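Only one chain is given next, in structure tokens, and it is the form deposited in one PDB entry.
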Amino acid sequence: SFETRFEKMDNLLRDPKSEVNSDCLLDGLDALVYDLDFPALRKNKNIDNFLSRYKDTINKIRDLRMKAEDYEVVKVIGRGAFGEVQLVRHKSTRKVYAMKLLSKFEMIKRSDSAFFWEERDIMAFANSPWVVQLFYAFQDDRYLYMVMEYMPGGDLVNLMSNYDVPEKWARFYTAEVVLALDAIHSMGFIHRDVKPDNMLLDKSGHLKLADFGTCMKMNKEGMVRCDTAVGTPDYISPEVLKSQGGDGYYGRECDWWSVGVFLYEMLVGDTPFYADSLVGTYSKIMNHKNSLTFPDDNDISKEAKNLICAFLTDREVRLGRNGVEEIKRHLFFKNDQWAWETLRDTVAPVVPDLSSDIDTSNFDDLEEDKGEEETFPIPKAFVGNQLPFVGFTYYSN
């Protein structure tokens, strides 16, 4: 077991999970230069001499390290209002990735400076077939960049658009979602916003989760709360809605609610709590006992109905509170086509036909930004606008 203090420090430098690993240490030096280098501050001798020594070296480094210009944008596949996701090709390696941008200016402006750490940890270290991998995370003074495996199948929102979905497809996406969720729960995170938008497909037609921006680390009892605004409460559980009003905390069972909702939308074509307005949808969720109706549209399966209803109940009696297993054993999941262990080796309901490695078919065209980039007021003293982003850099090796 024993290691010397020198050995231990060496491990800190080399460990991708360490915040003092070499790449993170360059980040600091970089940021510090960014934030110090200004005529006003250069009047300080310590600062002026320091920037003279290191700057020539800092230019070598900024030249050497990965950068936005190592990639060319093929297209824009999504917009998050903190930035865009865009299809890219690496110039030297020819390889094709999806790339998320985050505006540093926007983040300082609105706060929301701390929120991307969990997404980073998850996509970097999950090492799951159920989770989109981040290959590189790097940055400059303007932006964060997350370079991710591209998922040409598109999301489940697109799928529900182009296909009516039989219980046989539903069961399958549902099961994969169960697994990705469980994977994420086992790393100690609660996803907390689980939607068809966050479910994408690889060239095989298999599902991965993306967009972990809402994810929070659970503690001991496996609970959390965050202050975070949520676009639509369509898939959001009642106890999460209550929590936003200060009331209290909650556990991973909130994610199983979303899945209950996801199923209903796949079979029935509609969100169960759908209303013309946010307020209406909101009331309906809080009303869920009396507000949840199975369709005009059909009789659909006794078993499907029962799973959906088991997920869409109140949290204390809700399916999945006793763990993933009682979910897996639900009779809704019985079939001849796949078993839980073999699921990803099955052939998928929809296997994308793709013209090229650049095929955008399953995504909507994203027109343009072409907006003029906002800049900060020149510091009269040190404001450290780069500090929140220090240690973000990651290279998978």
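Just count from 1 along the sequence shown to find any residue number. We call the rigid core whatever largest set of C-alpha positions still superposes within 1.5 Å between the two forms.
The same protein has a further form, the form deposited in another entry, not shown here; the description that follows concerns it.
- The one residue among 88, 201, 307, 266 whose Cα position changes by 2 Å or more between the shown form and the other one, with the core held fixed by superposition, is 88.
- After superposing the rigid core, the C-alpha of residue 40 moves by 2 Å or more between the shown form and the other one.
- Comparing the forms between the shown form and the other one, the C-alpha position of residue 328 differs by less than 2 angstroms, with the core used for superposition.
- After superposing the rigid core, the C-alpha of residue 227 moves by 2 Å or more between the shown form and the other one.
- Relative to this form, in the other entry the C-alpha atoms of residue 197 and residue 225 separate from one another by 3 angstroms or more.
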